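Notes follow the structure.
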Protein chains: 4
Amino acid sequence: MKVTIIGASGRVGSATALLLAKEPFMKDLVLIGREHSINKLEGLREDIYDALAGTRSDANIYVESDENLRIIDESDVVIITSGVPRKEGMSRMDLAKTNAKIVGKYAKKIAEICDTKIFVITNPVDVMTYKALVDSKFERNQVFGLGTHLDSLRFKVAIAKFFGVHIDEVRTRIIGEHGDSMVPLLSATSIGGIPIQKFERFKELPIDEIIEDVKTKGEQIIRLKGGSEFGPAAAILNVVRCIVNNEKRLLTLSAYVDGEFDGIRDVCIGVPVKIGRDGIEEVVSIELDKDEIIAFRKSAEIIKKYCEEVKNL
Amino acid sequence: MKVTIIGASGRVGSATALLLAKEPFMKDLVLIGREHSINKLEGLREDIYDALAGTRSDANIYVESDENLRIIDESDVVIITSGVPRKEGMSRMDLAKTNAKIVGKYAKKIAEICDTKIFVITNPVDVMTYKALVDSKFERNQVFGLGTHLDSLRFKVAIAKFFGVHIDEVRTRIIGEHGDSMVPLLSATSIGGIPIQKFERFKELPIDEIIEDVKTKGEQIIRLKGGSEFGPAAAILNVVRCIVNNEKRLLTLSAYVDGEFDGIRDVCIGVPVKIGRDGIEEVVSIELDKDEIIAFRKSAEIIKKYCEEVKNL
Amino acid sequence: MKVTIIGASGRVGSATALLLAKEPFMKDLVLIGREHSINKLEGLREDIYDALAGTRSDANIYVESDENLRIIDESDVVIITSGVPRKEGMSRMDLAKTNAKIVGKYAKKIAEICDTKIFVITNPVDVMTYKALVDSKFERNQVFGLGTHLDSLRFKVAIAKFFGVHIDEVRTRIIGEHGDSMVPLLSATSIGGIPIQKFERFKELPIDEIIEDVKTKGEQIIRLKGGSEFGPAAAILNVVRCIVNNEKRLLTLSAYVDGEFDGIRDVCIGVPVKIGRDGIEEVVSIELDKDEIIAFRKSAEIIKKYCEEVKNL
Amino acid sequence: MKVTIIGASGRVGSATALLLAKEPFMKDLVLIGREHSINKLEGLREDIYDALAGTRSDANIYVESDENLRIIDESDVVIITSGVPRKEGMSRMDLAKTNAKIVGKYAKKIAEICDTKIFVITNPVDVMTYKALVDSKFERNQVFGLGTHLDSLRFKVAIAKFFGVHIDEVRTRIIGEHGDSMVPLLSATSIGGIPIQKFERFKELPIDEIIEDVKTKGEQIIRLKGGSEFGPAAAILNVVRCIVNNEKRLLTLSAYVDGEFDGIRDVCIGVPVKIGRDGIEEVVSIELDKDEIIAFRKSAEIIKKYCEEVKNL
Ligand SMILES: NC(=O)c1ccc[n+]([C@@H]2O[C@H](COP(=O)([O-])OP(=O)(O)OC[C@H]3O[C@@H](n4cnc5c(N)ncnc54)[C@H](OP(=O)(O)O)[C@@H]3O)[C@@H](O)[C@H]2O)c1
Ligand SMILES: NC(=O)c1ccc[n+]([C@@H]2O[C@H](COP(=O)([O-])OP(=O)(O)OC[C@H]3O[C@@H](n4cnc5c(N)ncnc54)[C@H](OP(=O)(O)O)[C@@H]3O)[C@@H](O)[C@H]2O)c1
Ligand SMILES: NC(=O)c1ccc[n+]([C@@H]2O[C@H](COP(=O)([O-])OP(=O)(O)OC[C@H]3O[C@@H](n4cnc5c(N)ncnc54)[C@H](OP(=O)(O)O)[C@@H]3O)[C@@H](O)[C@H]2O)c1
Ligand SMILES: NC(=O)c1ccc[n+]([C@@H]2O[C@H](COP(=O)([O-])OP(=O)(O)OC[C@H]3O[C@@H](n4cnc5c(N)ncnc54)[C@H](OP(=O)(O)O)[C@@H]3O)[C@@H](O)[C@H]2O)c1
């Protein structure tokens with residue numbers, strides 16, 4: 001497999017390449033970055049190689065500037081971690097608009113070379129996955145983002161821990177914006193197959209305190225850290241493994257929806273999809289509950305607003 | 001960890017010891033059998049050792065006759081595969097009664113040495129797990145059997161395959177007798193967390209044709225095979241891994257129930273339980289549907305009948 | 001990958017298919033056998049499927065009689081476990097001659113369909129790998145056998161255990177006949193890279209007692225066992241993994257040698273080779289010691305004798 | 001197992017904690033750092049937890065300032081990555097002396113709390129492992145460093161790649177200073193067990209060009225990178241796994257030697273040792289070649305010089 005990472009120099013970009021180089025399926029890992037951060041990549045390539053010293057690996061790592069993405073052709077998927085590390089004076093709209101030009105820039109540049117899967121990690125993930133789709137001019141099945149996938153795993157752990165059951169016995173998810181307006185679906189949450197609602201202990205699940213932490217895990221940023229390292233990479237790797245192996249998992253990624261959920265059209269948002277060797281092979285439409293769909297409505301509304309301000313940058 | 005297998009000479013006993021010797025947690029594997037089949041075990045020990053040649057392992061394999069189970073003390077769990085390979089003239093009651101004396105025999109002999117977990121594999125698994133419990137005089141949390149666990153995985157595969165979703169995205173189970181009266185619970189079956197009922201395609205799930213095959217997988221026996229080899233061993237290993245690692249999974253094993261499910265008392269049957277380092281740490285009681293509990297009632301009735309005929313052998 | 005096993009019904013054949021079905025690289029596993037043992041295979045297929053219940057696998061298992069090997073075309077490798085379970089009255093020459101017709105039979109039948117790698121397991125492994133090569137009319141790089149590979153791992157364990165070092169820190173091997181005339185090469189035996197000879201404790205290595213056990217591990221047969229189950233399968237799986245993944249390992253398999261070792265020509269014997277995606281890609285010729293080559297000479301002599309008696313059957 | 005990392009905030013410290021938290025054997029991971037970098041650790045703890053989201057783990061992560069190492073008691077091993085990131089004006093002696101006070105500081109502080117294994121990563125690794133030993137006042141078996149272990153793996157890859165053999169078929173090592181004076185031992189280098197010298201292609205092994213790169217991999221630092229990230233962490237994890245599992249591997253770590261190699265006394269240097277549950281359980285003394293021991297003599301001389309300047313800081 002051939003994966004390309006755009007922004008392999010950043011924390012997540014680095015962590016992600018590391019994990020991807022260890023994969024048996026990784027044949028050509030292309031680390032792309034701007035002309036001035038090319039030494040940091042070659043520095044990364046040498047570092048990764050050390051971490052692989054002793055284990056079998058045919059991972060060919062390549063480094064290039066974001067000028068001639070020619071080498072990125074035939075990539076099974078192209079990840080994008082590029083983006084401005086936010087900033088004090090920066091506002092949500094201010095942040096949206098900025099990375100928009102960065103993701104779009106790459107989206108377009110990529111699109112010229114070929115048709116590949118664009119896995120958008122940079123924030124606002126939804127608004128950015130939207131942008132990449134618009135500027136890439138790709139099919140809705142080729143562009144998706146990390147969305148609420150990690151928030152979902154984060155919600156899964158909390159619950160499994162609350163009930164004292166093996167992590168695997170739980171399956172839940174958060175749909176909507178990968179932000180304050182994210183919607184947790186307890187209607188699609190089972191404990192060992194059994195709807196969480198069929199358990200007494202459920203009535204005592206600190207759902208609000210829990211969502212609060214999930215929602216605000218942007219505390220990696222504030223908590224003396226750049227913003228995120230391994231958390232994301234770990235998720236990304238999973239999603240890539242899902243694609244290359246055509247796993248057909250029912251993840252919750254930021255994908256383009258259009259009616260699958262009544263009242264939600266023309267917007268990239270965190271929704272359940274079936275991921276396989278062809279990207280977002282389906283936007284699973286299941287009946288939510290009264291308030292879940294009301295809340296899922298408001299979330300998309302928020303996101304759409306930004307999508308407009310960005311659609312033409 | 002110290003596991004003992006009673007019947008390590010049979011197909012399943014052999015396959016199971018093989019898999020268990022490869023486990024990092026296996027410290028002392030005791031293979032027990034009758035005086036005349038001791039050469040087959042030492043023959044097994046040497047064989048397993050070959051399969052381990054090249055891989056790290058501190059698995060001490062021991063062989064002994066079923067006369068002085070002294071060596072089986074301090075075992076974390078004792079598996080029992082011993083039993084008559086059924087027979088043409090043999091009837092269900094005829095078969096029940098026979099293995100009953102075999103499992104009970106061991107149950108009692110084991111009980112004398114110490115208090116351990118007794119994992120009963122021999123059939124009728126439910127009726128035999130019941131017997132082992134009665135003759136072992138152990139706590140309901142220390143005696144359980146394979147029950148409908150493999151039938152559950154078997155049902156899981158079929159479904160995941162019917163919907164074309166990753167095996168992991170499905171969680172379902174069959175409660176009741178590990179036989180013709182087994183009950184599939186589609187009320188505790190989720191696809192990616194979503195109740196299977198919330199999918200249109202569900203309406204077309206060949207639930208009857210499917211259960212038929214699961215139910216009658218006693219075709220290993222008839223289909224030019226002794227009766228089962230790896231299928232079971234693979235399951236057993238999982239369940240053991242679940243215990244040693246205190247996984248806290250919500251499996252469906254043959255355990256002693258008593259009211260957890262209204263209308264079901266004094267019987268060992270396939271029911272959902274929370275398995276950990278202390279065996280059946282809980283018999284999860286969830287509200288079934290109208291017919292699931294009606295059918296679960298009839299199953300237990302059947303099983304109980306046999307339990308009586310065996311209670312004092 | 002597409003592997004075919006000829007004799008999937010035997011102990012090793014069964015164990016091997018089990019292990020191979022679990023491999024991520026196994027796409028189509030063809031289990032071939034005679035018309036009367038077709039139910040035992042379908043019985044095996046169903047059993048294996050149970051052991052896979054719960055884990056991802058795209059392993060398509062197929063069953064067919066040894067009449068129309070048409071289905072075995074495009075197989076990356078074809079394993080052969082078919083053979084007479086030896087017998088009391090049977091003599092080495094008697095045994096050689098018999099399986100010769102069986103392996104040759106299949107060799108020829110396979111050859112007609114296509115050009116594939118023939119991995120010969122049945123004994124006498126050397127004499128049988130020779131035969132399969134002769135009757136298959138394949139290139140010396142496409143036909144090889146288990147030879148002294150397991151005897152080598154067996155020797156490795158013994159040593160590592162004698163020095164009290166991690167299994168991985170040892171690399172040794174036995175060349176020659178997979179029989180009484182096998183030759184252990186302590187000249188190609190390192191402990192952590194260091195020639196075993198550079199260790200004082202070496203002087204006390206029970207090399208003779210050790211080789212005796214290795215040599216006579218045909219005690220699985222006598223020790224109340226058919227003859228071997230998992231030991232072999234475990235090895236086979238490794239060797240197949242080596243091929244499919246073009247590992248380029250320096251194993252010790254029964255391959256066709258012709259001068260690589262001075263004084264050893266026109267014979268299939270246990271010798272060091274470089275295994276990859278193209279089979280025996282090289283018969284590594286390293287200078288042995290005075291007696292190692294003298295002993296390696298006698299071994300080949302023995303084997304050759306049988307090869308003649310079989311060359312035209 | 002309880003591991004403590006001193007400097008969990010640095011690149012290697014972070015990467016290492018990540019890898020260690022994923023280990024099944026990791027029960028309590030203590031991340032220690034100075035009062036001002038405590039938010040970076042809690043930020044790390046939250047990040048790691050995200051990378052673990054979905055996988056089983058009982059890894060309790062703890063964060064504390066380097067004031068009251070009370071919590072670090074009962075640690076199976078304490079890793080030390082603390083140290084000054086070198087500097088332009090800084091000279092080898094200047095660098096040695098500085099980190100000396102840092103490692104020694106911690107060494108002493110640790111020693112007060114209890115007797116544990118001190119795994120010294122900070123440079124100069126040899127001179128620093130020496131210091132930690134001196135200020136910890138521990139037994140020579142409890143203090144060791146990364147030394148030439150990664151340089152050894154680095155040499156292993158290069159070779160295996162030069163011969164086109166599976167990575168596992170090679171075992172070589174570099175003894176001496178983890179610096180310009182490092183000594184490669186081709187006398188303890190086997191290819192598939194066979195002394196590398198017994199291969200013709202060996203005569204063409206670019207041993208000098210190769211060692212040059214290994215030696216100067218301090219190019220991570222210069223090549224737009226802090227200095228090293230995953231390379232080290234990957235190694236460290238291995239060495240820890242080696243300890244917790246009492247693997248008994250013959251690694252090449254920076255340990256205290258005293259005569260094991262004639263002409264080498266009172267110095268911590270990269271030498272072959274047997275690592276197990278008790279640390280450096282033996283300093284393997286094998287006869288080197290004429291020049292290997294001459295070169296190994298000069299290396300130790302260099303290192304000793306620094307050890308003096310540091311012995312009392
Ligand atoms: N999903 C989550 O939970 C989560 C959490 C935190 C952060 N994030 C997002 O994921 C990314 C993580 O960032 P990080 O830790 O990797 O490091 P960083 O320093 O925030 O970002 C480094 C990356 O941004 C690129 N970049 C910076 N300025 C640029 C510009 N003007 N034009 C184009 N590219 C530019 C860099 O490329 P060059 O080297 O070529 O400049 C590099 O690829 C961000 O986009 C962030 O918004 C997601
Ligand atoms: N859950 C499932 O899906 C499933 C499927 C098939 C079978 N099974 C059950 O699992 C077991 C599988 O049998 P198998 O393939 O391992 O081989 P087998 O030949 O059916 O059984 C061999 C075992 O039975 C013991 N045994 C035979 N006669 C005995 C006697 N009179 N007293 C005490 N022990 C006796 C043997 O012990 P000695 O060597 O000491 O005689 C050995 O441990 C059976 O009990 C069977 O009912 C379960
Ligand atoms: N490396 C070692 O140390 C070691 C040790 C022991 C054994 N082994 C090897 O491992 C294998 C063990 O044998 P096993 O457990 O597989 O069972 P087995 O009973 O020895 O062999 C069964 C196989 O032989 C076939 N067969 C028997 N008679 C035949 C005939 N007249 N014509 C054609 N095919 C015939 C069977 O086909 P049907 O079912 O169609 O009849 C079946 O495929 C052997 O091949 C042996 O060489 C290796
Ligand atoms: N084997 C190889 O080839 C190789 C190559 C390169 C590097 N490495 C090693 O790997 C490590 C890389 O360093 P890094 O990424 O961890 O980050 P770094 O910036 O080099 O070191 C950070 C650590 O040093 C501590 N520290 C800094 N100044 C200190 C002082 N004055 N007193 C006490 N502690 C002080 C920090 O504590 P606070 O955060 O509390 O200040 C933190 O724990 C080094 O130890 C180096 O020796 C090995």
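Starting from 1 in every chain, residues are counted up; chains themselves are A, B, ... following the order of the structure tokens, and ligands are numbered from 1 as listed.
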
Discussion item. Run DSSP on the backbone and tell me which residues of stretch 95-155 of chain C come out as helix (DSSP H, G or I); list them as a PyMOL selection string.
Written reply: chain C and resi 95-113+125-136+149-155

N, CA and C atoms of the current selection, written as a tab-separated table (two decimals), in the first residue's frame:
chain	number	residue	atom	x	y	z
C	95	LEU	N	9.25	-48.96	2.82
C	95	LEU	CA	8.52	-47.71	3.05
C	95	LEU	C	8.85	-46.67	1.98
C	96	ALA	N	10.13	-46.57	1.63
C	96	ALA	CA	10.57	-45.62	0.61
C	96	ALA	C	9.79	-45.87	-0.67
C	97	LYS	N	9.93	-47.07	-1.20
C	97	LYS	CA	9.25	-47.46	-2.43
C	97	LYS	C	7.75	-47.16	-2.48
C	98	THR	N	7.03	-47.45	-1.39
C	98	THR	CA	5.58	-47.24	-1.32
C	98	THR	C	5.11	-45.79	-1.42
C	99	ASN	N	5.61	-44.94	-0.53
C	99	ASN	CA	5.20	-43.54	-0.55
C	99	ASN	C	5.68	-42.89	-1.84
C	100	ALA	N	6.74	-43.45	-2.41
C	100	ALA	CA	7.33	-42.96	-3.65
C	100	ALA	C	6.26	-42.90	-4.72
C	101	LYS	N	5.51	-43.99	-4.83
C	101	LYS	CA	4.46	-44.08	-5.83
C	101	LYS	C	3.35	-43.10	-5.50
C	102	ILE	N	3.11	-42.88	-4.21
C	102	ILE	CA	2.07	-41.95	-3.79
C	102	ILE	C	2.48	-40.51	-4.08
C	103	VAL	N	3.68	-40.12	-3.63
C	103	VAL	CA	4.16	-38.76	-3.87
C	103	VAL	C	4.35	-38.52	-5.38
C	104	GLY	N	4.99	-39.48	-6.04
C	104	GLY	CA	5.20	-39.36	-7.46
C	104	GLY	C	3.86	-39.23	-8.16
C	105	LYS	N	2.90	-40.06	-7.77
C	105	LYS	CA	1.58	-40.01	-8.39
C	105	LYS	C	1.12	-38.57	-8.39
C	106	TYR	N	1.04	-37.98	-7.20
C	106	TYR	CA	0.59	-36.60	-7.05
C	106	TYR	C	1.49	-35.60	-7.77
C	107	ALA	N	2.80	-35.81	-7.66
C	107	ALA	CA	3.76	-34.93	-8.31
C	107	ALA	C	3.38	-34.78	-9.79
C	108	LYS	N	3.27	-35.92	-10.48
C	108	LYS	CA	2.92	-35.94	-11.89
C	108	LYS	C	1.56	-35.30	-12.14
C	109	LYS	N	0.56	-35.68	-11.35
C	109	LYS	CA	-0.79	-35.14	-11.54
C	109	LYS	C	-0.78	-33.63	-11.37
C	110	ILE	N	-0.02	-33.15	-10.39
C	110	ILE	CA	0.08	-31.71	-10.14
C	110	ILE	C	0.74	-31.03	-11.35
C	111	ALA	N	1.91	-31.53	-11.72
C	111	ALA	CA	2.69	-31.00	-12.84
C	111	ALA	C	1.87	-30.74	-14.10
C	112	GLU	N	0.92	-31.63	-14.38
C	112	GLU	CA	0.07	-31.51	-15.56
C	112	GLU	C	-0.74	-30.22	-15.56
C	113	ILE	N	-1.30	-29.92	-14.40
C	113	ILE	CA	-2.13	-28.74	-14.21
C	113	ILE	C	-1.38	-27.43	-14.34
C	125	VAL	N	11.20	-38.07	3.75
C	125	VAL	CA	11.18	-36.71	3.23
C	125	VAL	C	12.21	-36.37	2.14
C	126	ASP	N	13.46	-36.77	2.32
C	126	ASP	CA	14.49	-36.48	1.32
C	126	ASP	C	14.20	-37.28	0.05
C	127	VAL	N	14.14	-38.59	0.21
C	127	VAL	CA	13.86	-39.50	-0.90
C	127	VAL	C	12.53	-39.17	-1.57
C	128	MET	N	11.60	-38.62	-0.81
C	128	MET	CA	10.31	-38.27	-1.37
C	128	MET	C	10.34	-36.91	-2.07
C	129	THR	N	11.20	-36.02	-1.61
C	129	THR	CA	11.31	-34.72	-2.24
C	129	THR	C	12.04	-34.97	-3.54
C	130	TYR	N	12.97	-35.92	-3.51
C	130	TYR	CA	13.71	-36.29	-4.71
C	130	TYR	C	12.70	-36.79	-5.75
C	131	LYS	N	11.92	-37.80	-5.37
C	131	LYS	CA	10.92	-38.39	-6.25
C	131	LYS	C	9.98	-37.35	-6.85
C	132	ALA	N	9.34	-36.55	-5.99
C	132	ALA	CA	8.43	-35.51	-6.46
C	132	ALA	C	9.11	-34.64	-7.51
C	133	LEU	N	10.39	-34.35	-7.32
C	133	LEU	CA	11.13	-33.53	-8.28
C	133	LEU	C	11.26	-34.27	-9.60
C	134	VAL	N	11.64	-35.54	-9.53
C	134	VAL	CA	11.81	-36.37	-10.71
C	134	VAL	C	10.51	-36.57	-11.49
C	135	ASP	N	9.43	-36.90	-10.78
C	135	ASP	CA	8.17	-37.12	-11.46
C	135	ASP	C	7.44	-35.84	-11.79
C	136	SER	N	7.79	-34.76	-11.13
C	136	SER	CA	7.11	-33.51	-11.42
C	136	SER	C	7.76	-32.87	-12.64
C	149	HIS	N	14.54	-29.42	8.91
C	149	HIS	CA	14.18	-28.14	9.48
C	149	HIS	C	13.72	-28.26	10.92
C	150	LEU	N	12.78	-29.16	11.20
C	150	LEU	CA	12.30	-29.30	12.58
C	150	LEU	C	13.39	-29.87	13.48
C	151	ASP	N	14.23	-30.76	12.93
C	151	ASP	CA	15.32	-31.32	13.72
C	151	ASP	C	16.25	-30.19	14.10
C	152	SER	N	16.38	-29.21	13.22
C	152	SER	CA	17.22	-28.05	13.52
C	152	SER	C	16.63	-27.23	14.67
C	153	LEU	N	15.34	-26.92	14.61
C	153	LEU	CA	14.74	-26.14	15.69
C	153	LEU	C	14.88	-26.91	17.00
C	154	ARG	N	14.66	-28.22	16.92
C	154	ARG	CA	14.75	-29.13	18.05
C	154	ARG	C	16.16	-29.03	18.68
C	155	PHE	N	17.18	-28.93	17.84
C	155	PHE	CA	18.58	-28.83	18.31
C	155	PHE	C	18.84	-27.46	18.95

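The contact shell of ligand 4, defined as all polymer residues within 6 Å when only C-alpha atoms and all ligand atoms are used, comprises residues 6, 7, 8, 9, 10, 11, 12, 13, 33, 34, 37, 81, 82, 83, 84, 85, 102, 121, 122, 123, 218, 227, 228 and 232 of chain D.
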
Item to complete: With a distance cut-off of 12 Å and only C-alpha atoms, select the neighbouring residues of residue D:164, excluding the residue or stretch itself and same-chain residues fewer than 6 positions from it, and output the selection as an MDAnalysis selection string.
Response: (chainID C and resid 246:250 274:276 281:282) or (chainID D and resid 156:158 170 191:192 201)

Please produce a file of those selected residues containing N, CA and C atoms, as a tab-separated table (two decimals), in the first residue's frame.
chain	number	residue	atom	x	y	z
C	246	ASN	N	8.29	-13.91	1.01
C	246	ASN	CA	9.61	-13.76	0.42
C	246	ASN	C	10.61	-13.35	1.50
C	247	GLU	N	10.53	-14.02	2.64
C	247	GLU	CA	11.40	-13.70	3.77
C	247	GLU	C	12.89	-13.77	3.55
C	248	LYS	N	13.32	-14.68	2.68
C	248	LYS	CA	14.73	-14.82	2.39
C	248	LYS	C	15.49	-15.42	3.57
C	249	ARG	N	14.88	-16.38	4.26
C	249	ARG	CA	15.53	-17.04	5.40
C	249	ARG	C	16.51	-18.13	4.97
C	250	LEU	N	17.50	-18.39	5.81
C	250	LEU	CA	18.49	-19.40	5.51
C	250	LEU	C	18.15	-20.70	6.22
C	274	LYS	N	18.28	-20.60	0.68
C	274	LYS	CA	17.67	-19.29	0.87
C	274	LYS	C	16.26	-19.38	0.29
C	275	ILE	N	15.26	-19.42	1.17
C	275	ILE	CA	13.86	-19.53	0.74
C	275	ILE	C	13.18	-18.19	0.58
C	276	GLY	N	12.49	-18.03	-0.54
C	276	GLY	CA	11.79	-16.80	-0.82
C	276	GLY	C	10.55	-17.09	-1.62
C	281	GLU	N	15.69	-20.54	-3.68
C	281	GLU	CA	16.42	-19.57	-4.48
C	281	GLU	C	17.93	-19.67	-4.44
C	282	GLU	N	18.46	-20.62	-3.67
C	282	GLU	CA	19.90	-20.78	-3.56
C	282	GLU	C	20.24	-21.90	-2.59
D	156	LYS	N	23.22	-4.56	12.36
D	156	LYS	CA	22.52	-5.79	11.99
D	156	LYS	C	21.72	-5.59	10.71
D	157	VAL	N	20.94	-4.51	10.67
D	157	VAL	CA	20.12	-4.21	9.50
D	157	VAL	C	21.00	-4.04	8.29
D	158	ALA	N	21.98	-3.15	8.39
D	158	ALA	CA	22.89	-2.88	7.29
D	158	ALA	C	23.43	-4.16	6.67
D	170	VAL	N	20.52	-12.58	11.03
D	170	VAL	CA	21.76	-11.91	11.42
D	170	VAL	C	21.79	-11.55	12.90
D	191	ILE	N	25.63	-15.22	10.23
D	191	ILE	CA	24.61	-15.07	9.21
D	191	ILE	C	23.96	-16.46	9.16
D	192	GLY	N	22.79	-16.60	9.77
D	192	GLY	CA	22.14	-17.90	9.79
D	192	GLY	C	22.93	-18.90	10.60
D	201	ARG	N	30.99	-12.99	-0.10
D	201	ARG	CA	30.43	-11.63	-0.17
D	201	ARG	C	30.88	-10.74	0.98

Item to complete: Select all residues from chain C having any atom no more than 7 Å from an atom of chain B (counting only C-alpha atoms, ignoring ligands), output as number ranges by chain.
Response: C: 39-40, 42-43, 46-48, 50-51, 53-56, 153-154, 157, 167, 220, 223-225, 228-232, 234

Worksheet entry | Residue contacts of residue D:254 (7 Å, only C-alpha atoms) excluding same-chain residues fewer than 5 positions away, as a ChimeraX atom specification | /D:126,129,144-148,268-271

Those residues with N, CA and C atoms, as a compact mmCIF listing (two decimals), in the first residue's frame please?
# COMPACT_ATOMS: atom_id res chain seq x y z
N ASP D 126 27.44 5.89 28.46
CA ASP D 126 28.39 5.09 29.24
C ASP D 126 28.79 5.86 30.49
N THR D 129 25.97 6.11 32.80
CA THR D 129 25.56 4.89 33.47
C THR D 129 26.57 4.69 34.58
N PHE D 144 22.57 -0.04 34.34
CA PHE D 144 23.00 -0.26 32.98
C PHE D 144 22.42 0.81 32.08
N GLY D 145 22.95 0.94 30.87
CA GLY D 145 22.45 1.94 29.96
C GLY D 145 22.27 1.44 28.54
N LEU D 146 21.57 2.23 27.74
CA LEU D 146 21.29 1.89 26.34
C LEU D 146 22.56 1.55 25.56
N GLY D 147 23.68 2.16 25.96
CA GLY D 147 24.95 1.92 25.31
C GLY D 147 24.91 1.75 23.81
N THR D 148 25.55 0.69 23.34
CA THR D 148 25.63 0.38 21.92
C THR D 148 24.56 -0.59 21.44
N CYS D 268 32.17 1.79 32.95
CA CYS D 268 30.90 1.34 32.43
C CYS D 268 31.08 1.54 30.94
N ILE D 269 30.84 0.50 30.16
CA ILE D 269 31.03 0.58 28.73
C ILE D 269 30.11 -0.40 28.01
N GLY D 270 29.98 -0.23 26.70
CA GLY D 270 29.12 -1.12 25.95
C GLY D 270 29.75 -2.49 25.83
N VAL D 271 29.20 -3.47 26.53
CA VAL D 271 29.71 -4.83 26.49
C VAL D 271 28.56 -5.81 26.51

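Here atom CA of residue B:169 is placed at a distance of 20.5 Å from atom CA of residue A:176.
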